[PDB]
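An overview of the molecular structure
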4 protein chains.
Amino acid sequence: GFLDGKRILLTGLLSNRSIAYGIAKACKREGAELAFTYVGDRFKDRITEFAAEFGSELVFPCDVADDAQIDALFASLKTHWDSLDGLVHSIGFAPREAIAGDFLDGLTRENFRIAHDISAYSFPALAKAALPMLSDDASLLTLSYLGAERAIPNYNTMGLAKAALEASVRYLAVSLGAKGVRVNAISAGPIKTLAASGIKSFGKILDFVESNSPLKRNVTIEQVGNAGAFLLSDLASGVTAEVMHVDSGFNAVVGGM
Amino acid sequence: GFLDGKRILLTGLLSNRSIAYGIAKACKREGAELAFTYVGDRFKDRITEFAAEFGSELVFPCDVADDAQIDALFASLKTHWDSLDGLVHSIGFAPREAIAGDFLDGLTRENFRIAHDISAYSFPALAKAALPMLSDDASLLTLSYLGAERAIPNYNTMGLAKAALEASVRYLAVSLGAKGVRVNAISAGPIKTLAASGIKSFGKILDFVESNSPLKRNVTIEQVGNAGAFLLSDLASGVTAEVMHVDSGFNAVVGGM
Amino acid sequence: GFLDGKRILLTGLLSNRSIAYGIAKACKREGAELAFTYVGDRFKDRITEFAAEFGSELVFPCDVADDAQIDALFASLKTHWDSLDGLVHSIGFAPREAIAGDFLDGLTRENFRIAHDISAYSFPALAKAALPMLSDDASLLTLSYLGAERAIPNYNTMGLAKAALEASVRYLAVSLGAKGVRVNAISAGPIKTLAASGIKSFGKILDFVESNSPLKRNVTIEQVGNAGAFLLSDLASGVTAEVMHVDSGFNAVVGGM
Amino acid sequence: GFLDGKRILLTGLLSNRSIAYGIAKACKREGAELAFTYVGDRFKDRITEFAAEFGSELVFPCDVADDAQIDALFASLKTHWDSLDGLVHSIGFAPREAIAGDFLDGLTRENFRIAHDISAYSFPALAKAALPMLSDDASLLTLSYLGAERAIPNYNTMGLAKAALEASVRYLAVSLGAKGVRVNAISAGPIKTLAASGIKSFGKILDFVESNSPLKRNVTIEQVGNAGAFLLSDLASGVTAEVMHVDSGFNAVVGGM
Ligand SMILES: NC(=O)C1=CN([C@@H]2O[C@H](COP(=O)(O)OP(=O)(O)OC[C@H]3O[C@@H](n4cnc5c(N)ncnc54)[C@H](O)[C@@H]3O)[C@@H](O)[C@H]2O)C=CC1
Ligand SMILES: NC(=O)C1=CN([C@@H]2O[C@H](COP(=O)(O)OP(=O)(O)OC[C@H]3O[C@@H](n4cnc5c(N)ncnc54)[C@H](O)[C@@H]3O)[C@@H](O)[C@H]2O)C=CC1
Ligand SMILES: NC(=O)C1=CN([C@@H]2O[C@H](COP(=O)(O)OP(=O)(O)OC[C@H]3O[C@@H](n4cnc5c(N)ncnc54)[C@H](O)[C@@H]3O)[C@@H](O)[C@H]2O)C=CC1
Ligand SMILES: NC(=O)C1=CN([C@@H]2O[C@H](COP(=O)(O)OP(=O)(O)OC[C@H]3O[C@@H](n4cnc5c(N)ncnc54)[C@H](O)[C@@H]3O)[C@@H](O)[C@H]2O)C=CC1
Ligand SMILES: CCCCCCc1cc(=O)c(Oc2ccc(N)cc2C)cn1C
Ligand SMILES: CCCCCCc1cc(=O)c(Oc2ccc(N)cc2C)cn1C
Ligand SMILES: CCCCCCc1cc(=O)c(Oc2ccc(N)cc2C)cn1C
Ligand SMILES: CCCCCCc1cc(=O)c(Oc2ccc(N)cc2C)cn1C
């Protein structure tokens, strides 16, 4: 497959509806060797089962709020792998009130801080901690959303954090590029599932994308997964600093009129 | 003038090379009534002199790192003005190492936090604290730089913060727009002066803009000031959520080839 | 006013709902001296009346499909004015079928050709013919629409032409900038009026902008006019190669969800 | 391979330095069945040899300036293939003077017309003529350049045409998307070769990209080819209306300062 022998660490695989799950499935299909992170001891068994499904026992805890755990992640990974060829950053969080209702109603210094700390800072932080062991042709991938580019109802403080994240893709690409490392994001369309506690229903958005996107359908984690696998691979060796929309073309229209 | 009777609060007027100084000069010319903020008691005399130059004694301290000072600013201003018609956010800061040399070399959680706290969060924070006294047709203005859009050497962590700031312009515009309030940014070109301690020399950038921008010259605080006065005025009543480049057209070219 | 003594030629003033009418009204208010073009002899009396309303008898015919009429326009204008300080290009046309229904249904080589010839080529063509008599600090302005940036239903072939027009703003800015001439566009929101023969009803779009734009209202020709007057003036001397949205912020959101 | 059984027509394969050659090589590797077009009878032997290299005798003449030849192309192809799964539009032309020196110096109505006719119109024209035989999940691909987005020296009239071409990607995506057809462009970086008669030397641009792009190297036709093969494939089924940069990240920086 087109990722034969590539060693790729994936963060954020929480369930089989996780974008990271779709990415892992495509990476494994194309020949990659995988490793996984998780946060919260109650998830250790679940992530270990997912890792085994993808032929791996390489599972490590990492809360990206914690500098020591970030450093420990790579020290642990290094005991198994001399080098890292891929990193998937599929980690996002904003406090419930900061992504519901009016933008200013949910805006506080602490909500702003946490959303940017977890959703934005953590990407180049992982990249920096990984750097000593990154292969010269490594590929780093994060996930964003159209709310970084244009104001979408409720996305609010997360839209600010994602804008900073997309900027970090560009600055990382310059920093790591002379070595040969590529850095990209996928701007994914919404993925249909029941909105978890802390996230407002986005059913209306899913209906609107299905009715108005060029392809008249929502994207799947399989579609986002395949695009991710492509970007992590040498097929994409000419591509860096890119925010690739995988969203059935929805970003490119003015729908609903 | 086109700002007759408009009451406008300006932050960030530090010296006569401050972008806020150019904005204040144009606003006063067009008939505005002004008020000013400062940070650091050693600057009280200087800002008071500037305020007097612009026909005002309305001077208030405000370190935007501090929630209590933000609230106190508007309580103080309110003892003078029933309503606020304009707000100029001309406040930026990133730690020295975070805007010099390699992006990852100067990246730390705390440097990231401070740059985003001061340069990004503080804009909608001021807007939210001001909201009860904002006139229905008020206009809020911030300042950004091309480094938010594309990777520019050394801008580094400030580029991430400015991307979040430009996103905040859009989310603020939605939040405040039904009331009638407009929210915009000027993406200013570099302003020629000796780079202060904490900021790397940008002489090469100034030379490059002078040699490669469409107008073959750097922008001035007078030019940025006039564009700012326009955006704060009813001349610009159709304009909101906009990031306006005032940069001699430099953003629109690929120069130096 | 801020355009005192500026000599500005306006094309495309067809009726009192024309964007050019709003621009002319604001330019005259701010002290400009105006001249006007028209196409079609049956409109000579009407444009002459409009010109008189704005204190001018300088009226010239010009079908921009015709090289000879373009050259003759400036030869005629030159008999009155030594130099030209402003040019307003408010000319658009696409064949009826090319802006109604499906994009490919209305696509023919000739429809493509005419839409690009009249709506795009004519802007730098006028600029080139004017160049010998342009003042060193002249300002050239055209009008575009969000359909150049994202696919909007029915805009179709006009969206392609407007994308080429916005690109021409950038290339013109480089070409004319060393002399000191500025070149900009306003991306105007829809203007409420009965859609003329050849243009599909855009009532649904007007309703959608009123319901979803940040300012929750459609823009007016007065608002577009004032932004245009600003860009034509020395207030905007730092601004070139810019496409300025004057659209109540609508471009910056994802509405209707 | 990931294009197993896909039937793909490629235009514009002129030499082994053609971007279409890199695309053909990657498509064949991944299992596609190919067909080819050419213009000019003196090239019949050369394109037939290239087709044979890629396991095909399906070669057809088509000057896209000519409506009858466009229709005849698909009638001919249809005698071999019931359906078409992919179309590669790798056709560009602008008259020599229109892409050398000053933008206005090389601007004429006819130069504008030809550049837009051949480089822009021809893409949706081919799509429309192909439509009856396009598979429901077909994928159409064109090639653009950063000069569509920002002013690059000499690109001039071609920059306008490419902006219209990128807009056509979006309008085509809406038109063909309900059927299930995807439409994308690759914005390719410059490809190192001796600039042919009619094209100015771009050596300085190649040096500048090598020195300033994030990856510090120019892109190759192999890299553009692999990205093209990806977009033509079901791996990219979530991607449409996209302009993907394959340019070593150069679009995302401000270089040379
Ligand atoms: N789900 C959707 O419609 C879309 C999601 N995205 C982005 O895709 C990425 C993945 O989201 P999903 O797969 O849909 O949801 P998810 O909930 O399955 O994944 C989010 C992950 O972030 C991890 N996380 C949160 N705080 C963490 C911390 N302090 N330390 C380490 N991990 C932490 C979670 O454990 C979880 O694994 C996120 O960045 C999200 O913003 C983007 C676009 C659309
Ligand atoms: N100077 C330039 O070339 C360009 C500057 N900008 C932006 O323009 C704005 C103004 O910059 P300048 O006028 O050039 O420099 P400046 O130094 O004169 O203004 C910066 C202001 O930020 C204030 N500030 C910093 N931390 C603060 C805090 N905790 N609380 C309250 N105020 C604080 C400073 O006191 C100072 O008044 C900034 O946002 C800057 O990023 C943008 C583009 C270009
Ligand atoms: N009306 C709207 O909602 C919006 C209009 N625009 C653009 O604003 C500009 C002005 O449009 P409107 O004022 O609304 O309509 P308008 O009909 O009043 O102006 C169009 C003008 O183009 C002129 N024109 C057409 N073919 C010409 C030729 N061969 N030679 C010389 N003039 C020719 C017409 O005579 C007319 O004066 C156009 O470029 C339009 O595309 C943009 C955005 C929104
Ligand atoms: N070569 C480069 O650095 C870059 C090229 N592009 C674009 O990539 C595409 C391919 O360019 P290249 O492979 O580099 O050059 P190329 O010369 O090998 O391909 C251009 C093709 O256009 C065809 N063509 C020109 N007029 C035609 C007509 N009337 N009918 C049918 N075909 C016609 C030519 O025969 C030739 O096959 C073009 O669209 C070009 O603008 C984009 C970016 C960078
Ligand atoms: C408000 C706009 C609707 C969002 C649609 C798409 C969308 C975009 C996202 O960024 C997202 O991810 C999260 C968002 C918030 C939190 N706390 C955690 C996560 C993982 C989920 N979804 C579904
Ligand atoms: C590194 C890229 C050069 C920047 C050119 C333009 C530029 C952009 C800016 O954002 C800027 O403002 C600051 C930046 C940092 C801090 N600590 C404080 C401030 C007020 C100054 N300048 C001059
Ligand atoms: C199809 C999308 C709706 C357009 C909304 C805004 C809009 C955008 C326009 O560009 C426009 O101008 C014309 C369009 C066509 C022709 N033949 C002539 C003209 C002058 C009018 N309007 C109203
Ligand atoms: C002027 C800017 C330099 C262009 C660099 C990249 C570039 C961009 C291109 O679009 C290009 O393609 C052509 C351009 C003109 C013609 N007549 C025919 C073709 C096929 C070649 N190259 C090399």
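Residues numbered from 1 in each chain as written, not as in the entry; some residues may be left out. Chains lettered and ligands numbered in written order. Heavy atoms only, no water.

As summarised from the PDB record, the model derives from X-ray crystallography at a stated resolution of 1.841 Å.

The PDB entry lists chain A under the name ENOYL-[ACYL-CARRIER-PROTEIN] REDUCTASE [NADH], from Burkholderia pseudomallei. Here the entry title, as the record gives it, is "Enoyl-ACP reductase FabI from Burkholderia pseudomallei with cofactor NADH and inhibitor PT155".

To continue, consider the site of ligand 6. Residues and elements named next belong to chain B. Taken together, 13 residues form the shell around ligand 6, and within it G92, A94, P153, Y155 and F202 come nearest. Contact between ligand 6 and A94: a nitrogen atom at 3.2 Å from a main-chain N or O atom of the residue. Between ligand 6 and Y155, the relevant distance is 2.6 Å, taken from an oxygen atom to a side-chain nitrogen or oxygen of the residue. For the shell around ligand 6, the per-class residue count stands at ten nonpolar, two polar and one charged. (Near = heavy atom within 4 Å. Polar contact = N/O pair within 3.5 Å; in protein donor to acceptor, adjacent residues only side chain to side chain. Nonpolar A, V, L, I, M, F, W, Y, C, P; charged D, E, K, R; others polar.)

As a further point, take the relation of the copies chain C and chain D. Superposition of chain C onto chain D requires a rotation of 180 degrees combined with a translation of 0.0 Å along the rotation axis, giving an RMSD of 0.0 Å. Taken together, the rotation and translation describe the operation of a two-fold axis. A share of 100% of interface residues in chain C that are also interface residues in chain D marks the association as one of identical surfaces. (Least-squares fit on C-alpha atoms. Contact = heavy atoms within 4.5 Å.)

Residue and element names in this part refer to chain D. Buried within helix α2 (residues 44-53) are the following residues: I47, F50 and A51. Summarising the axial view, the buried residues of α2 lie within an arc of 100 degrees, below the 170-degree limit, and thus occupy one face. Every exposed residue of α2 that faces more than 90 degrees away from the buried side is listed here: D45 and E49. The inward-facing, buried residues of α2 contact α1 (19-29), β2 (33-38) and β3 (59-61). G55 sits one or two positions beyond α2 and adopts a positive phi of about 70 degrees. (Buried < 20%, exposed > 50% of the residue type's maximum accessible area, 1.4 Å probe, protein only. Helix = DSSP H or I, 4+ residues; strand = E, 2+ residues; numbered from the N terminus. Arc of directions from axis to C-beta.)

A pair of packed helices can be characterised by two numbers: the angle between their axes and the separation between those axes. The interhelical angle for the contact between helix α4 (residues 109-130) of chain A and helix α4 (residues 109-130) of chain B, taken along N-to-C directions, is 130 degrees, at an axis separation of 10 Å. Here α4(B) runs oblique to α4(A), going by the angle between their axes. In this structure, the crossing between α4(A) and α4(B) has a hand that is right-handed. Contacts from A:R109, A:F112, A:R113, A:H116, A:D117, A:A120 and A:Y121 in α4(A) reach B:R109, B:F112, B:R113, B:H116, B:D117, B:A120 and B:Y121 in α4(B). Among the residues making up the contact of α4(A) with α4(B), the classes are represented as six nonpolar, two polar and six charged. (Axes fitted to C-alpha atoms, helices over the stretch in contact; angles between N-to-C directions. Parallel < 35°, antiparallel > 145°, perpendicular 65-115°, else oblique. Left-handed = near helix turned anticlockwise from the far one by under 90°.)

Our next topic: the site of ligand 4. Residues and elements named next belong to chain D. Contacts to ligand 4 come from 20 residues, most closely from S18, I19, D63, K162 and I191. In this structure, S18 approaches ligand 4 through a side-chain N or O atom, which is 2.6 Å from an oxygen atom. Take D63: an N or O atom from its side chain is 2.8 Å from a nitrogen atom of ligand 4. Computed on the free molecule, ligand 4 has an accessible area of 800 Å², of which 79% lies beneath the protein chains in the complex. When its residues are assigned to classes, the shell around ligand 4 shows twelve nonpolar, six polar and two charged. (Areas by Shrake-Rupley, 256 points an atom, 1.4 Å probe, with all protein chains shown as cover.)

Moving on, we get to empty space enclosed by the protein. Per the stated rule, a full pass over the model turns up seven cavities of 30 Å³ or more. Each pocket or cavity is described by its volume, and for the largest cavity that value is around 2,100 Å³. In this structure, the largest cavity is lined by 48 residues; those nearest its centre are A:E149, B:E149, B:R150, C:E149 and D:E149. Every element with two or more residues in the lining of the largest cavity is listed here: α5 (156-177) and β7 (243-246) of chain A, α5 (156-177) and β7 (243-246) of chain B, α5 (156-177) and β7 (243-246) of chain C together with α5 (156-177) and β7 (243-246) of chain D. In the lining of the largest cavity, the residues fall into 20 nonpolar, eight polar and 20 charged. (1 Å grid on protein atoms, 1.4 Å probe; cavity = no way out; pocket = protein on both sides within 12 Å on 5 of 7 lines; lining within 4 Å. Points joined across faces, edges and corners; volume = space filled by probe spheres on them.)

Let us now look at the pattern of salt bridges. If charged atoms from side chains of opposite charge come close, those side chains can pair. This structure, assessed with the given rule, holds 40 salt bridges over all chains. Residue B:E33 is joined to B:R7 by a salt bridge in which the shortest nitrogen-to-oxygen separation is 2.8 Å. With a gap of 26 residues between them, B:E33 in strand β2 (residues 33-38) and B:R7 in strand β1 (residues 7-10) connect regions that are remote in the sequence. Since its relative accessible area comes to 35%, B:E33 is described here as partly exposed. Judged by its relative accessible area of 27%, B:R7 is partly exposed. Between C:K179 and C:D136 there is a salt bridge, and its shortest N-O distance comes to 2.8 Å. Of this pair, C:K179 sits in the loop between α5 and β6 (182-188) while C:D136 sits in strand β5 (residues 134-144), placing them 43 residues apart in sequence. Residue C:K179 is classed as partly exposed on the basis of its relative accessible area, which comes to 32%. Salt bridges linked by common partners bring A:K6, A:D137 and A:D234 together as one network. (Salt bridge = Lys/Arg side-chain N within 4 Å of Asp/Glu carboxyl O.)

This paragraph deals with the sheet that holds strand β1 (residues 7-10) of chain A. Residues and elements named next belong to chain A. Reading across from one edge, β3-β2-β1-β4-β5-β6-β7 is the order of the seven strands in this open sheet, with parallel pairing throughout. On the outer flanks of this sheet lie β3 (59-61) and β7, each paired with one strand and no other. Taken over all neighbouring pairs, the strand axes of this sheet differ in orientation by 20 degrees on average, direction set aside. By the bridge criterion, four bridges tie β1 to strand β2 (residues 33-38) in an arrangement that is parallel. (Pairing = 2+ DSSP bridges.)

Glancing now at the environment of B:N156. Structurally, B:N156 is set in helix α5. Polar contacts involving the side chain of B:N156 include one to the main-chain carbonyl oxygen of B:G101, which spans 3.0 Å.

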